[PDB]
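Protein chains in written order, with the deposited numbering: chain A, 2 to 37, 47 to 438; chain C, 2 to 43, 47 to 279, 285 to 438; chain E, 4 to 30, 45 to 140; chain B, 2 to 44, 47 to 277, 286 to 360, 369 to 439; chain D, 2 to 44, 47 to 360, 369 to 438. Note that the Cβ used here is the ideal one computed from N, Cα and C, for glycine as well. Data first, discussion second: the structure below is written as structure tokens.
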Amino acid sequence: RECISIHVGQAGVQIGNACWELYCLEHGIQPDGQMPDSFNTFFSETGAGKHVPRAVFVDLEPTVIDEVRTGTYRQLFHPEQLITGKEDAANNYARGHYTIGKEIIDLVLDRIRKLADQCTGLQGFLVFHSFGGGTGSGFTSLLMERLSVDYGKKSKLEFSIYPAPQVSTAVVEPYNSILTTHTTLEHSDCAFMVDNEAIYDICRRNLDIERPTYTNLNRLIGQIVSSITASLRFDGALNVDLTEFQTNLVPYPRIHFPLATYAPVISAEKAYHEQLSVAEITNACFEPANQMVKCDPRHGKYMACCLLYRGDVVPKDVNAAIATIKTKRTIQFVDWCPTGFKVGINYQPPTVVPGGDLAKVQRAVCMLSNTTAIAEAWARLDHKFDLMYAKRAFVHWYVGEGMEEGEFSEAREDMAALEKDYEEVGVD
Amino acid sequence: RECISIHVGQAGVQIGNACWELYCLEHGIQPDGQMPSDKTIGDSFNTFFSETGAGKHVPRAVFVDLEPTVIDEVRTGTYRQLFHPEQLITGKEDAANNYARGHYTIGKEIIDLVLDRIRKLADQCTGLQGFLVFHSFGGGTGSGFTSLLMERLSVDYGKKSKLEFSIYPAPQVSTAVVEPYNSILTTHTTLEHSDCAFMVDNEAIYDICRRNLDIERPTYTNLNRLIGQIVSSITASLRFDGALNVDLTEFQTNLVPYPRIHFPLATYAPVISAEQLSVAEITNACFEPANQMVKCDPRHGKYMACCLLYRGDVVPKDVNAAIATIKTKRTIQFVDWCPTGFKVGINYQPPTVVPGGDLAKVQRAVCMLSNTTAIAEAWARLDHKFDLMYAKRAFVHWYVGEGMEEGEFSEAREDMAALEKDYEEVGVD
Amino acid sequence: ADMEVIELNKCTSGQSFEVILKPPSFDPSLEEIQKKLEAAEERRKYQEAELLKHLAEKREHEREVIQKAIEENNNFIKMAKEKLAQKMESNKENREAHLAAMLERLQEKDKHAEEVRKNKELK
Amino acid sequence: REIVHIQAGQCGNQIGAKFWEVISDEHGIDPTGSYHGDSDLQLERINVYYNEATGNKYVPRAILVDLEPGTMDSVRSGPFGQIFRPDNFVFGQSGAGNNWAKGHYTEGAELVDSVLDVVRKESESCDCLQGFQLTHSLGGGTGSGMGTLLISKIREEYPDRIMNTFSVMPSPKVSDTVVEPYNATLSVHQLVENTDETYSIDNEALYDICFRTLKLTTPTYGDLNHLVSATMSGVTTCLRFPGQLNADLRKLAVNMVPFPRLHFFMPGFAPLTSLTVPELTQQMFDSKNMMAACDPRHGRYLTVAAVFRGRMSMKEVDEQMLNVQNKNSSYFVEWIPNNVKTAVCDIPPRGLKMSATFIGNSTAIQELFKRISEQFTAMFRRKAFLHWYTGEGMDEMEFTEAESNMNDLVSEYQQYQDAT
Amino acid sequence: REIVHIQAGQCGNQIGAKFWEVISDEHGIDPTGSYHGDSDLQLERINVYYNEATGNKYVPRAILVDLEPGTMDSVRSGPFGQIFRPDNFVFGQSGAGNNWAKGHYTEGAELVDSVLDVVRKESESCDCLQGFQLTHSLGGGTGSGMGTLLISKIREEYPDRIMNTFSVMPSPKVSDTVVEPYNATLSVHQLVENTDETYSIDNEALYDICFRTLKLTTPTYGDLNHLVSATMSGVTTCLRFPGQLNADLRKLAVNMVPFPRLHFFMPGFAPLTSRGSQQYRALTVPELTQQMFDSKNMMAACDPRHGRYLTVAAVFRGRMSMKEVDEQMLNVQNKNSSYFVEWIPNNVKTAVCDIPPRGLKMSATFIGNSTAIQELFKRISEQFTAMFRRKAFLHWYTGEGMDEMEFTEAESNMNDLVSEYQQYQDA
Ligand SMILES: Nc1nc2c(ncn2[C@@H]2O[C@H](COP(=O)(O)OP(=O)(O)OP(=O)(O)O)[C@@H](O)[C@H]2O)c(=O)[nH]1
Ligand SMILES: Nc1nc2c(ncn2[C@@H]2O[C@H](COP(=O)(O)OP(=O)(O)OP(=O)(O)O)[C@@H](O)[C@H]2O)c(=O)[nH]1
Ligand SMILES: Nc1nc2c(ncn2[C@@H]2O[C@H](COP(=O)(O)OP(=O)(O)O)[C@@H](O)[C@H]2O)c(=O)[nH]1
Ligand SMILES: Nc1nc2c(ncn2[C@@H]2O[C@H](COP(=O)(O)OP(=O)(O)O)[C@@H](O)[C@H]2O)c(=O)[nH]1
Ligand SMILES: CCOC(=O)Nc1cc2c(c(N)n1)N=C(c1ccccc1)[C@H](C)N2
Ligand SMILES: CCOC(=O)Nc1cc2c(c(N)n1)N=C(c1ccccc1)[C@H](C)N2
Ligand SMILES: [Mg+2]
């Protein structure tokens with residue numbers, strides 16, 4: 002039925018701000034909130059005129075939450091739904107979870123409870139947050155533990171921003187991700203990772219952007235997320251409700267992490283070429299380039315597959331196109347689950363941000379695969395973590411804020427064990 | 002901040018009178034005390053003079069002697085105008101070339117007054133630094149009052165450091181046989197109440213003049229002009245405010261590594277007679298036993314702290330390369346354990362000489378303050394006489410007479426023996 | 004590969020359907050952790066109030082240095098206030114009886130000169 | 002979020018003077034008044052280094068400590084003179100000594116509390132004080148002695164907030180005092196337990212950068228301050244300017260310091276005195300251009316940060332940044348992964372089109388500590404010029420108690436030439 | 002700083018007379034009045052020997068004691084007669100005896116107190132009295148007896164201030180009295196415990212300097228006083244003249260006296276004669292130095308050969324260069340290097356004052380602590396014990412009020428002083 006968005010942490014907040022923007026365009030809501047069932051899934055018909063997002067925004071500096079109460083959209087939310095917190099988390103989990111978290115958590119948790127209360131049969135939460143980096147890892151981790159307690163069945167979907175050396179600044183990154191990802195994973199339901207490096211990659215190849223911005227990357231993630239959540243906003247069969255999200259994608263409690271792939275990213279300036287064929291875009295979803303997490307699924311096995319189509323499409327087409335994704339490319343299925351392809355048609359043509367980078371397309375596709383190769387990045391993180399902790403590297407900053415030398419041991423331990431389950435799903 | 006001069010004893014007083022004269026020429030003060038620079042009410049040269057009254061510029065000095073005679077010829081020859089009648093204490097009866105007399109018998113009486121007339125001058129000063137005590141090594145009030153003063157100043161004045169300029173005494177222009185006793189006496193009581201002490205070997209000064217000034221048999225006022233120059237190049241740092249050597253600690257924190265070892269060896273640069286030299290050459294003079302300041306030989310003792318005090322027209326660009334080849338030509342000569350020195354003090358103020366004096370106006374002059382272990386040569390060359398006399402009680406009875414102790418003599422030589430030892434104990438490792 | 008689909012729904016603005024290809028072939046949150054968060058605070062409030070008692074240390078040692086200097090200075094003044102006027106009132110008594118030693122040898126060439134005129138005015 | 006500045010000692014102060022007028026230029030502030038400049042950015048992050056007062060006006064958040072008038076009236080009488088708030092000047096009157104104890108123990112603690120008093124009322128005013136930075140000499144008492152005291156007394160009051168200093172490691176050549184090795188070793192100790200980062204600046208370097216690298220014969224304390232002044236603007240910029248970083252000062256530290264001792268960034272600069288990108292980059296990674304007297308070749312870098320400056324293509328910047336990490340690949344540790352990050356702000360300095376500055380946590384810094392501890396034991400040897408402290412009320416063993424602290428900091432810097 | 006002069010005895014007095022008029026010339030003083038001379042120095048240090056009285060006037064600080072009118076009215080009737088203040092004359096009336104006891108015990112103590120009364124005045128008037136000097140014979144009562152008493156009574160009153168005498172050791176040849184040896188040994192004793200320096204002047208010398216070194220047939224008490232008069236001016240000069248010394252009298256003593264007994268400077272002089280003998284200018288500096296260092300020019304009869312100089316002062320007179328003086332001085336220390344003592348280091352110092360005496372353009376005066384003085388002492392003690400032999404003339408001291416043992420008690424004290432100077436051919 003209903004559906005709350007929590008965006009913690011600079012990255013979270015900006016990804017948020019750039020996709021609430023894109024929800025807004027899609028459902029035609031002028032900034033001020035007024036637009037001249048269905049999409050009530052995300053906004054709430056508050057007062058007589060306005061259409062507030064059911065969102066809450068938390069960050070530990072103001073700065074970023076501050077930009078929102080500045081640039082139009084300043085009109086869109088409620089001053090309440092944006093919680094800022096004076097001092098930073100400083101690129102460190104400990105700080106986020108234990109030291110600075112402690113203080114604000116009680117407030118956030120409750121300002122969320124306001125939004126769940128104006129809802130009759132709430133579904134779950136969408137938590138947007140940065141993997142590495144401070145409040146992003148630490149608060150989110152503390153939130154979830156707690157949200158897990160205050161909210162029973164009520165499922166939780168996370169969108170993680172898996173962190174990337176080229177556009178980062180922080181060395182301590184790996185620690186923070188491996189930390190959260192441990193505490194966080196038993197309190198989460200399905201979790202979309204977004205490898206910054208992969209998005210940076212798309213823009214450098216597919217958009218011709220020299221050295222792309224954050225708000226370059228965010229428009230792009232904005233598009234992908236809005237194609238994943240699409241299902242529950244227009245209400246078009248398949249992923250009608252958060253339960254389903256897992257029911258299709260996750261065969262195993264632990265294994266949450268599906269790999270997304272967005273279809274026709276093509277740059278205005280190219281906005282008038284005889285646009286792409288229902289076939290061709292399907293045949294892109296299976297292209298390591300157009301991926302969403304830097305890996306290679308041609309060699310890992312698929313274990314559940316979904317194709318999320320948006321735009322002008324008759325199923326008649328979808329089919330024969332899939333037919334020769336088989337008889338040409340790498341099938342690649344697991345020992346024990348059908349051969350997938352739940353297929354979701356949504357007739358709503360995809361809208362892009364106005365003076366953005368991409369062009370209006372006729373059809374777009376979305377592919378949500380749960381491959382076992384997405385644990386490539388589970389190790390490509392792991393390794394840094396390993397090779398640092400081996401020297402206690404930055405550890406003292408954490409033991410500093412209040413943590414345990416062993417809580418670190420114990421979190422690598424979990425990845426070690428996960429990296430294992432993900433390996434243990436191959437053949438027989 | 003401020004800075005009081007005490008001159009005790011005929012030699013002290015005349016050295017004084019012949020450098021307060023030279024200070025006076027340097028800062029341009031006409032005898033009467035008034036100087037026509039815009040630099041006074043009451047900075048810069050206020051270290052030594054005090055803007056007393058609306059016109060005059062009195063030295064912050066006190067003069068003590070135990071006869072009148074010498075102090076007398078200040079309140080006579082112009083400059084008579086320069087001091088305050090207060091600041092010159094005379095004392096009726098002489099010390100007679102004897103320490104005992106100076107410390108105990110005749111001292112007793114005048115010390116209380118002096119000590120207090122000093123206290124007057126320290127009171128017209130907000131943050132006084134230290135004292136300069138000018139006095140004669142050998143010889144009566146010079147050794148004996150100076151000794152008593154210091155003991156006392158040491159009590160009345162806490163941190164307040166004390167710098168002494170001793171006139172190490174020289175057979176040829178002396179008259180007094182008993183000399184050695186008096187120096188080895190004072191120098192013992194005195195040394196734990198002093199901070200840094202420039203010795204000036206009369207013989208070496210007499211020496212410079214016979215060689216470098218062509219003076220046949222030079223006067224006292226001959227020797228005093230010369231010492232006048234040297235002192236004024238040492239005190240130079242704190243008077244014009246110097247780009248180095250600018251406070252009594254970081255002046256001498258430089259020179260004395262060890263509590264006992266005060267005695268630096270000075271060397272003045274271009275002594276040359278009226279009726285010019287290269288930045289290089291004058292530096293290469295400072296290391297010439299002839300131009301020294303205490304008769305010794307530092308080519309064989311080790312250096313343990315070295316200062317170079319430059320005065321006049323000099324760019325450091327020069328000083329360097331000149332030093333460079335003081336090391337690649339001459340005798341390096343450094344101790345086991347202290348860098349390889351050369352704190353270098355540049356003072357742009359060109360050196361002024363006494364008008365119808367003996368020396369000429371120079372463009373640049375150097376000063377070198379080294380703490381060598383060879384300056385204890387004159388620690389024995391004194392010791393020995395003392396030794397060879399006391400051995401026969403020689404003149405002792407004159408002391409035991411005024412009131413002293415047969416063993417206070419023992420006990421003072423004891424000290425030099427031990428010192429002569431420390432100075433030897435700083436060689437190599 | 005040419006398959007057959009299972010139609011799984013049609014509503015207003017959409018349609019879904021499975022597309023099975025080659026059959027599968029058969030193969045506790047806990048609340049009590051809020052005391053965990055004030056164990057985190059157990060160890061901060063320990064560390065900070067110790068780099069306080071290690072620092073409220075380097076402090077009143079400064080008490081010493083500062084004053085165990087001053088205190089070691091008057092240790093000298095009032096050593097040598099009597100290394101003086103007690104070495105010097107040993108002087109005053111030391112001569113003053115070398116004067117008397119001078120004079121009572123006189124009243125003795127004198128109270129000798131007197132009694133040998135009482136010997137002239139008797140010879 | 003906001004930073005106060007403590008600037009103590011003749012060396013400390015004459016650096017602080019040059020710093021302030023250079024940064025005051027970048028923002029554009031009249032020797033008294035307010036903004037005068039066609040730029041507009043400036044004022047975003049002017050908040051950070053300037054607490055502003057009534058009228059127009061802008062006044063630095065500065066405290067100037069010395070233990071004697073002399074050098075305070077140099078600033079007030081010189082360049083940007085009466086810019087600082089009149090009673091932010093903490094006078095000395097007394098001696099300094101060029102002696103650590105006086106500054107840390109006797110004449111120092113004598114003042115101190117009046118300093119803490121200004122700092123308390125600037126920082127207590129400062130709406131969200133993020134930390135302090137301090138400038139000062141290390142060989143010589145009023146800076147190294149009082150300052151090390153200051154920082155000890157500054158923490159404890161402010162545990163909480165991060166501390167930070169540009170300290171000038173004194174050399175045997177180009178110095179005034181015989182004793183400085185003593186003064187240095189005593190503060191090095193102090194620093195290594197109370198600061199959070201410490202820019203090492205050797206005067207052996209500073210002077211060498213002028214004579215092998217500049218053909219200026221008689222190097223002042225002027226043209227030589229000039230470098231530090233520049234390098235100091237360099238390091239600061241991105242807490243005081245753009246919005247492409249954002250640089251908590253804490254964040255900044257966390258990502259720069261692996262191990263809690265050893266925060267000893269030797270710095271470096273791009274161009275010199277009163286520029287292509289390649290030729291710029293293989294210049295802030297030359298040693299003949301480092302601020303400490305080291306040679307970042309015997310000693311691999313722990314972490315390395317550089318901020319570039321100039322409206323230029325950074326599309327070229329990581330294209331050259333990588334390049335150093337490969338043509339000089341062995342000389343970064345591997346066990347910290349992405350351990351050389353850089354960023355770019357485009358508002359240039369006084370003059371100069373392109374420039375860059377380099378902070379580097381190199382264990383090669385061990386070479387500078389060794390060097391001082393080298394003329395130290397060689398002195399503490401027969402207990403040398405030690406008597407100047409003896410008597411100030413210090414302890415015999417308290418020297419060896421800090422000579423050691425340093426010989427570990429040497430041999431842990433040594434110990435981080437490890438393995439993968 | 003200021004000095005009074007006691008001048009007692011026919012020998013003492015007639016020396017004192019000649020002294021005064023010679024120094025009174027140097028300064029230039031009218032037989033009564035004040036200054037008359039184109040020089041201007043003089044008066047700096049005239050303070051010292053002349054207490055000045057009303058009008059112009061300058062009057063010596065002098066006391067003249069005798070034990071009979073005779074020789075007092077010789078001075079007042081002679082040269083610089085009425086120069087001394089009328090009641091500074093302490094008359095005698097009585098016998099003198101040429102006998103030590105009369106002068107030291109009976110007829111002496113009879114007066115004495117009246118002398119002390121003038122001296123007490125002058126010195127108590129004298130603004131910073133530095134010390135007294137005395138002149139007198141040693142063989143003969145009024146000088147040697149009264150004086151030795153004076154000095155003993157002078158001290159005790161004035162412990163304090165330094166004492167000083169020119170005493171005229173008497174010879175067997177050229178004397179009036181058989182007994183003098185007795186008189187001598189008795190004062191020698193007295194002196195050696197009460198004075199601070201004592202110029203030994205032998206009449207054996209004085210007379211020998213005139214016949215061996217003058218061809219003067221009939222040597223008076225005149226030409227012969229003449230020498231002493233000169234030599235005494237010599238020694239005094241630099242307490243009374245330049246400003247190149249400065250000569251505390253005490254200083255002067257401290258640096259002259261090693262051992263508190265033995266203050267027995269035998270002195271000496273540069274040029275000589277008075278009458279029909281000259282100098283062909285030829286007083287040269289060299290020929291002036293190896294001359295105040297020739298024995299045959301010594302004021303005591305010793306011979307500063309056998310016996311070694313403790314200390315040696317010399318002062319030089321005449322606008323001449325001291326650039327030569329030290330150089331000549333040195334020379335002799337090398338040429339007769341042997342006969343200085345080593346153990347007191349720089350034991351022969353000299354200075355120069357440039358204003359000459369009556370006549371004579373250049374001149375040197377020698378003070379001289381030679382142990383060769385033992386020579387002199389042993390000469391009297393030599394003829395004394397030959398008289399105390401089977402005790403001859405002694406019955407004049409017997410009944411006067413003296414003891415038998417007393418002669419021996421001071422005959423002894425001399426024998427000690429003898430073998431102390433001999434016990435100072437040291438190491
Ligand atoms: N995709 C994307 N990534 C971001 C963005 N901002 C920061 N990141 C990344 O997130 C990681 C750092 O996380 P942050 O969100 O900056 O840290 P935080 O504690 O959540 O935010 P702060 O309040 O500034 O500390 C790094 O990998 C950055 O690359 C953004 O706007 N978009
Ligand atoms: N260099 C130098 N030494 C002097 C001078 N006058 C005296 N002396 C020396 O002073 C030393 C003795 O000290 P004096 O001052 O003469 O004696 P004093 O007792 O201290 O002073 P008085 O006894 O009162 O005259 C001797 O070595 C003399 O050579 C002088 O003008 N210059
Ligand atoms: N670069 C810089 N260093 C200086 C300056 N002045 C002195 N120093 C150095 O710092 C050390 C002493 O500093 P100083 O200010 O004299 O000590 P303080 O006044 O007690 O802090 C010496 O090694 C000098 O090399 C200067 O103004 N600039
Ligand atoms: N040169 C000097 N000696 C004299 C003179 N008269 C006597 N004498 C010697 O000194 C000795 C003592 O002098 P005298 O006057 O008789 O003693 P008096 O009792 O004090 O008068 C005499 O024996 C002479 O040998 C004198 O005129 N001048
Ligand atoms: C008071 C403020 O100045 C300081 O005292 N310390 C300070 C300043 C830094 C810095 C750091 N570590 N410390 N790190 C930087 C960085 C450069 C690139 C990327 C991320 C950071 C840039 C140079 N600024
Ligand atoms: C009244 C006091 O005057 C005397 O009757 N006798 C007296 C005279 C001295 C003298 C001394 N010791 N005693 N010392 C001298 C000396 C010679 C060279 C250098 C310094 C001094 C010269 C000869 N004058
Ligand atoms: Mg200084």
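Interface residues of chain E facing residue i [CB-CB closer than 7 Å]
i: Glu155/C; result: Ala97, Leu101
Residues that residue i contacts on chain C, provided the C-beta gap is smaller than 7 Å
i: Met105/E; result: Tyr108
i: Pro263/D; result: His406
8 Å Cβ cut-off: residues of chain C touching residue i
i: residue 283/B; result: What the structure lacks is residue 283/B: chain B is numbered 277, then 286, with the residues between left out.
Contact set between residue i and chain E, taken where Cβ atoms lie within less than 9 Å
i: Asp245/A; result: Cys14, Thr15, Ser16, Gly17
Cross-chain neighbours of residue i in chain A, by beta carbon under 8 Å
i: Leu11/E; result: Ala247, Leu248, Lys352
Counted within 10 angstroms of its Cβ, other Cβ atoms place residue i as buried (16 or more) or exposed
i: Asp199/B; result: buried
i: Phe149/C; result: buried
i: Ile391/D; result: buried
i: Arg112/E; result: buried
Within chain D, partners of residue i - CB distance below 9 Å
i: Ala180/C; result: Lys254, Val257, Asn258, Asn349, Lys352
**Message:** Suppose only complete runs of 3+ residues qualify. What are the beta strand (DSSP E) ranges in the stretch 194-218 of chain C, listed by chain order?
**Reply:** 200-203
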